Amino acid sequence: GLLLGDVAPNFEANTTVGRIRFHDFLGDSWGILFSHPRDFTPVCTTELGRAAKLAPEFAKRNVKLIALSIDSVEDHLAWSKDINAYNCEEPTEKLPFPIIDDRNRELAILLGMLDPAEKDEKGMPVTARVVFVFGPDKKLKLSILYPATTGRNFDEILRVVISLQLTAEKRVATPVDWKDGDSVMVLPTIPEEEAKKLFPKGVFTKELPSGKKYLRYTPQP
């Protein structure tokens, strides 16, 4: 389907906000293209529920959310009412991000999104719970591929956006389980001399059995 560094295909599809071209929609912002099996289903409701609640948190960082399903734009709007309702807001047919129409599976097939078990009422497969994170350069920066049985972690989605943006801006990398604000690791390539000069906040090396000096933390720049 898709792999790291690949450019986003500049597709055209109908969405709850009209037909559009992907790159045009994305413009000059990071983008999160995520998929969900089917409208009018429980997990997908909690997911898009959560995603709408988190939208300002994403917009503030110049990230554009856009969903996608094998349902119709009609279906989308009808379900948005259910969405706005689920999370206790006014039941319009509007959301803080478009939902993409993909009944004919053009995008599903191409992007490699198809759930192996899940099917509509005609036995035709639907998408899984996919996330693509696109940099402003239109290149894939991170992706996630979850089954329809297992809802995603949206906090984690937010976390990694934050890390992708930091590590784009600063010559560091975030360790396992990193939380926003925590220490980060100094890139293994940057020599001791340039590291002090590059991280005034402090540069702490952990001494190892191999006596190599790679294991180096520094406060979030």
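Residue indices: 1-based, along the sequence shown.
In this entry, 191-199 shows the higher mean Cα temperature factor of the pair 149-157 and 191-199. Between the stretches 25-33 and 176-184, it is 25-33 that shows the larger average CA temperature factor. In this PDB entry, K170 carries a Cα temperature factor that places it within the highest third of its chain's modelled residues. Compared with the other modelled residues of the chain, the Cα B-factor recorded for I99 ranks in the middle third. Ranked by C-alpha B-factor against the other modelled residues of its chain, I109 falls in the highest third. In this PDB entry, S72 carries a Cα temperature factor that places it within the highest third of its chain's modelled residues. Sort the modelled residues of the chain by CA B factor and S143 lands in the lowest third.
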